[PDB]
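Worksheet for the structure shown next.
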Protein chains: 4
Amino acid sequence: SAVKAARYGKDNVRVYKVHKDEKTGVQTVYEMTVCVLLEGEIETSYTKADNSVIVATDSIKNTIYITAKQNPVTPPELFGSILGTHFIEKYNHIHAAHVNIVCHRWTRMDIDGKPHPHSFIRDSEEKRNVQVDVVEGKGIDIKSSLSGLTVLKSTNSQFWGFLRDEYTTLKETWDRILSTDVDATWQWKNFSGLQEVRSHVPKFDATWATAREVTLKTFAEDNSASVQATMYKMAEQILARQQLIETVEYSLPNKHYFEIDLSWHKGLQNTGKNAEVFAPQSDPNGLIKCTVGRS
Amino acid sequence: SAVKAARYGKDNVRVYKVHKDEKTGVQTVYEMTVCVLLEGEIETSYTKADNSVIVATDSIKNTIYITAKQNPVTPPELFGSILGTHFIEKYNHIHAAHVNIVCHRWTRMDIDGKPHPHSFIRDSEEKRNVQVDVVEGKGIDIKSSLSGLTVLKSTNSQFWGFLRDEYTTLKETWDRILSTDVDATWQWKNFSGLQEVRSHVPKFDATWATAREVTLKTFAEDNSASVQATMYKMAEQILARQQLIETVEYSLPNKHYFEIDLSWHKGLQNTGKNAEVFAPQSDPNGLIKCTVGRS
Amino acid sequence: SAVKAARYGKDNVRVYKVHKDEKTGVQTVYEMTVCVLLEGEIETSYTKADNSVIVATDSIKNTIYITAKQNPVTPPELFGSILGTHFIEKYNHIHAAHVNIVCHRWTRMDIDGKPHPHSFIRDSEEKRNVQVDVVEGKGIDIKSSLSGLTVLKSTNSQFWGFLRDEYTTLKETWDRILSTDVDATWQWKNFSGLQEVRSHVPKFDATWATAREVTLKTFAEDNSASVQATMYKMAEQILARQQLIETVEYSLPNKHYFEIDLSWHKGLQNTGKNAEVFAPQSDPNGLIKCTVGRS
Amino acid sequence: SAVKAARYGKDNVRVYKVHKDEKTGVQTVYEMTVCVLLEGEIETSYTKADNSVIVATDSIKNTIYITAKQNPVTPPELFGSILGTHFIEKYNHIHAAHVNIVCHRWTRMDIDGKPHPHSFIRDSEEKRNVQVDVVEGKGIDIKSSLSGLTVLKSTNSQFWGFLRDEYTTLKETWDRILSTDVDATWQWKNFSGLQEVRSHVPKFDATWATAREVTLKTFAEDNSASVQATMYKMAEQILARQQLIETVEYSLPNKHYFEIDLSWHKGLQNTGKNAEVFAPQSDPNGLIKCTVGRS
Ligand SMILES: O=c1[nH]c(=O)c2nn[nH]c2[nH]1
Ligand SMILES: O=c1[nH]c(=O)c2nn[nH]c2[nH]1
Ligand SMILES: O=c1[nH]c(=O)c2nn[nH]c2[nH]1
Ligand SMILES: O=c1[nH]c(=O)c2nn[nH]c2[nH]1
Ligand SMILES: [Ar]
Ligand SMILES: [Ar]
Ligand SMILES: [Ar]
Ligand SMILES: [Ar]
Ligand SMILES: [Ar]
Ligand SMILES: [Ar]
Ligand SMILES: [Ar]
Ligand SMILES: [Ar]
Ligand code: NA
Ligand code: NA
Ligand code: NA
Ligand code: NA
């Protein structure tokens, strides 16, 4: 037998950093969870109990904290690129660093209509994420995402004209609830290395803001024919607004809200145009996925 | 042996209601999880397999949907009181209804600076809750709460002058991070029945808003001597602002953010005044509780 | 305003202890999560920012590890009593210690039919718990429990003869699935102090074993008229088997498994006697509670 | 813009099936969660709002229940193969069916040392899983796994001789705790279709039992040089025992148990040979991955 693939490192590394403006007294906080997994000439750690080739996961943890101390942690695409570049440059026998970052929301509080200098609220479980693959000889592959963006619209969703056969019970509808948890990923053009990433730094926050704005406006404004048709329009618009993105991927649950027939009770009318009270379904759920790229 | 206490019913009943203004086309959505547990002359269902005294949990579920269809679901204090009153009035042998409601946030989207008529975002897992105990002959006991309000301040928290003995390692600090998940409960004056609850309906949204605004402002502005001292200021302000509340309870985790000594690495200075990078601690956590009443 | 009630301390303290028999080389492991909340003359920490009365939660954490080092961690009733007694005895102004322990399962592996000296498996998220309230002048109040015991029987459950009115849709059944997550608590006679707890130490493991064995056997053998009737039989048997218990409490969800009518598809028969395929329901769930004492 | 990739279907489909032996009265239960995602000529559902190409996710849900009614649900490799084959055969324009199954443990209860005919316990959150990719023209690709197998050994784990540089603080150890959640996957030789899967049916349960037995014995018996070296020996042994497997993948967290230095307290000795009480770490964790194949 032989090692066909191996990666190892530290997962679930919680990191906080504060920036303090001494003149203005304004503080800014960043919180993330970091995973770094390394590849390279490490097969003998598995086959021959040779630990000499292991950079200890505990050392990888220390390096994440040291990197946060000595570099900007924003945007996460940059921090991930710096972190991954460190491991392949520092260690000759390490050839790849896979960096996953989840960013947690700390939104500045407004108190009496004025932004507070050092108080923050977690205003959603929505995350901004990166996957940064730094591969020696092959540059830096970045996937940026937002996830856990939970939305609902109470009308202007439809689902009719789907295939009907002996497996089909679902009634066509011209007015239903649509609710999802938005998982949207944009894949960047391959970067040659850390210098190229640094040259595009302003595009990271700008493309995240674009992806979020397009997601929310399209969801709110689309008279939706299907999750499929709505998510495609989001992906189209994002591609049109950032030439350095090669693909946009959506993964969207259809979080079903079922009508409740109450006509068995005193002829209560709670379906179609009279539908007021619904049963949100925890499971099952539709799961709809698309990767959109350029002609 | 004998039944000293019994209650039974349906838990985790997910409910959605929509209001449609056909005039303005503005829709408003409400989503909640409901628990109803009944007490009364039900001992014989346990002792003698006498099901005649059981209002089926399935029927309690149906009753929750029917009540939502025929009544306002807001404020939850009112909806809980109506639901509880229904069971003790409908069924001679049912003497108490315990109604627990978790209200889920559906905040109207702003699209291009304008509130959207029928699109909503879950802005955080913060909940508004009620516990409504409807007890035949003894009226209606309401506890209102907000929970899962997650906040952090980067400075203006201190902890010094605490007891020091052979069990103490904690360093006194004059400048630390304070972060918590706010659980705040206000206990209402006993209400004689549904009529008295109805007569105070506007005070429920008002007092929730007050509790939340006092919580956020006190957290942001208090140069905190301790979790204990800060939470007491929140409770005393809420009591002073609503005479119909008897007590305010706070349950606050101290979600620790530890300094990381990096001086072992190239003399890096990341402690005291130089503290930038911290390790958020998942566990353990301080847990600090107070019930405040009128002196 | 004034403090009506206060308690504070450390929650989510994860503890592991190993016992090593150097003679046999057999090792035994114990893993628990501990919460300690103190009450006493602490009002001034809330009202006057007087930290002198605070035993730091960090110090309570240290005390938990020190107590584990210097005492048996089993049975948890004993460990809880020692820990609670420590705080009210060590500190003149501390008058109550509330100790909550969750015991995690580490079951010794059998390898090739022989128990392994130092390898363990988590055989299920079932927990053994204690709540130990040590109150100066009022002794030691212990509640013992098992929780997260998940069971299902495929037949020999019934539910018929329940109240039927205009809110009822549920069909009577003479043959259904019954599945639950067993939460069972036994309340001990008040103990005068740690000496009285020590004097009953063997009864703690014995009564836990009895409660679990009665639960499993009654569930498997009762041709169940209802959750109510079955849970009462468990409680009365446990009371009859341990005179030092005053009450037995059960809290049991009814985790519904719905029949699926497939007759719309090729006349497929999957209801009543033909029921093979079911839809397990995540929510809602029946919730059935009983406290049983001596008549 | 254009669709580069698309799949859609129903996720989180909870399924129960009972087998009843009428002669012996013995019942056997199977519980799973099923996900089916379809690919094919569906791009126009995204680009042109053409629902005519959609087999409704609700219809996919119905088909999962119907398939369970008309076929064996065990082994899951067979059920997944039948389910996936159905969708590509039934619908001309559907070219791939991706079937993910999680199997939940329902272990027969022993009552008074005799297996009960119809009572079951969830004896762990351990899962047995399959991923079945049925691709028209390209056959059936099966990955089988066990996951959530939580184990600990209190000694006979070591970690020394790893790389030491200016990032390294971790002390070499010749005796530590090792605990993990085992995620082990075996990848089958490509199958030409459902007939070939049916011809290997007995190998599925046998290879799962082998993978589990090898995992537990190797973990218990290996005097471990590293997670890397131990997981490699597991993968080797499994490959040696089933020629129809091409690869074995392990993904193993290192769930750290930290020594607690108590020497600051009355010279208490709780490190190295005196280490009895440990702090289990929730995060971070080592994450170690290997895919092992044949020379
Ligand atoms: O938007 C939808 N897409 C689907 O594919 C689907 N299937 N059922 N309902 C659905 N809704
Ligand atoms: O055992 C049961 N008890 C109940 O009270 C009930 N109500 N619906 N179904 C039920 N099953
Ligand atoms: O605010 C705090 N209160 C406490 O009681 C405490 N104990 N340790 N740290 C603490 N911080
Ligand atoms: O088994 C281990 N493997 C590793 O790679 C490692 N790193 N720190 N500790 C470790 N333990
Ligand atoms: Ar950070
Ligand atoms: Ar959508
Ligand atoms: Ar609602
Ligand atoms: Ar606070
Ligand atoms: Ar322990
Ligand atoms: Ar039961
Ligand atoms: Ar099943
Ligand atoms: Ar291992
Ligand atoms: Na390198
Ligand atoms: Na009544
Ligand atoms: Na005392
Ligand atoms: Na096909």
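Chain naming here is simple, since letters A, B, ... match the order of the sequence lines and numbering starts at 1 in each. Heavy-atom basis, side chains included; hydrogens, waters and symmetry copies ignored.
Put simply, of D:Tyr232, D:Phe159, D:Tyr8, the one with the most heavy-atom pairs under 4.5 Å next to chain A is D:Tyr232. Note: A:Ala2 leads A:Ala2, A:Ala6, A:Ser226 in heavy-atom pairs under 4.5 Å with chain D. Counting heavy-atom pairs closer than 4.5 Å to chain D, the top residue among A:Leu252, A:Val227, A:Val248, A:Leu163 is A:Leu163. By number of non-hydrogen pairs under 4.5 angstrom with chain A, the leading residue of D:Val13, D:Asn285, D:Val292 is D:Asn285. The candidate from D:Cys35, D:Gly161, D:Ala225 with the greatest count of non-hydrogen atom pairs under 4.5 Å with chain A is D:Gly161. Across A:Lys90, A:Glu43, A:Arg164, A:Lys233, the residue that shares the most heavy-atom pairs under 4.5 angstrom with chain D is A:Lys90. Between chain A and the residues D:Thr247, D:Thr47, D:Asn254, the most heavy-atom pairs under 4.5 angstrom are made by D:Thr47. Contacts with chain A were tallied for D:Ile66, D:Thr33, D:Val3, D:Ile60; D:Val3 has the most, counting heavy-atom pairs under 4.5 Å. Per-residue counts of heavy-atom pairs under 4.5 Å with chain D were compared for A:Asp283, A:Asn62, A:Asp11; the largest is that of A:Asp11. Ranked by heavy-atom pairs under 4.5 Å with chain A, the first of D:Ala56, D:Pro253, D:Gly9 is D:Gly9.
Of the two parts of A:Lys61, only the side chain, counted from C-beta on, holds a non-hydrogen atom closer than 4.5 Å to a non-hydrogen atom of chain D. At a 4.5 Å heavy-atom cutoff, the contact between A:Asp58 and chain D is made by side-chain atoms alone. The contact between A:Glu166 and chain D is made entirely by side chain atoms (from C-beta outward), counting heavy-atom distances below 4.5 Å. In this structure, the portions of A:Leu287 lying under 4.5 Å from any heavy atom of chain D include both its backbone and its side chain. Within the 4.5 angstrom heavy-atom criterion, only side-chain atoms of D:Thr57, from C-beta onward, approach chain A. When heavy atoms are compared at a cutoff of 4.5 Å, A:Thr44 does not approach chain D at all. Proximity to chain D (any heavy atom under 4.5 Å) is restricted, for A:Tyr91, to the side chain, taken from C-beta onward. For chain A, the nearby parts of D:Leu170 are the backbone and the side chain; heavy atoms of each come within less than 4.5 Å. Only the side chain of D:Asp165 has a heavy atom closer than 4.5 Å to any heavy atom of chain A. Contact of A:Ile288 with chain D is made through backbone and side chain together, with heavy-atom distances under 4.5 Å. Interface remark: D:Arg294 contributes backbone atoms only to the contact with chain A (heavy atom separation under 4.5 Å). The contact between A:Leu239 and chain D is made entirely by side chain atoms (from C-beta outward), counting heavy-atom distances below 4.5 Å. Heavy atoms closer than 4.5 Å to chain A are found nowhere in D:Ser224, neither backbone nor side chain.
Side chains of D:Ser45 and D:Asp50: no donor on one and acceptor on the other come within 3.5 Å. With 3.5 Å as the limit, one finds a donor-acceptor pair spanning the side chains of A:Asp133 and A:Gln131.
Annotation: the span from D:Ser179 atom OG to D:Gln281 atom CD amounts to 12.5 Å, rounded to 0.5 Å. Residue D:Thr230 holds its OG1 atom at 10.0 Å from CG of D:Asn156, rounded to the nearest 0.5 Å.
Side-chain contact between D:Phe278 and D:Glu259 is present, with at least one heavy-atom pair separated by less than 4.5 Å. In this structure the side chain of A:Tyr250 never reaches within 4.5 angstrom of the side chain of A:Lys289, judged on heavy atoms.
With respect to A:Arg7 and A:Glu39, a salt bridge is recorded, a charged nitrogen being found less than 4.0 Å from a carboxylate O. Remark: D:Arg14 engages D:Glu31 in a salt bridge, criterion side-chain N to carboxylate O under 4.0 Å.
No donor-acceptor distance shorter than 3.5 angstrom exists from the side chain of D:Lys17 to the backbone of D:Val73, with no hydrogens or angles considered. Judged purely by atom type and a 3.5 angstrom limit, A:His93 uses its side chain to pair as donor or acceptor with the backbone of A:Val53. A donor-acceptor pair is defined here as one N or O able to donate and one able to accept, closer than 3.5 Å; no such pair exists between the side chain of D:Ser59 and the backbone of D:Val55.
Ring planes of A:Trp174 and A:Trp160: parallel class, angle under 30° (limits at 30 and 60°).
Just one of D:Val182, D:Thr218, D:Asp222 meets the side chain to side chain contact (heavy atoms under 4.5 Å, CB included) condition when paired with D:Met234; it is D:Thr218.
Atom CG of A:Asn223 has more than 12 neighbouring heavy atoms from other residues, nucleotides or ligands inside a 6.0 Å radius.
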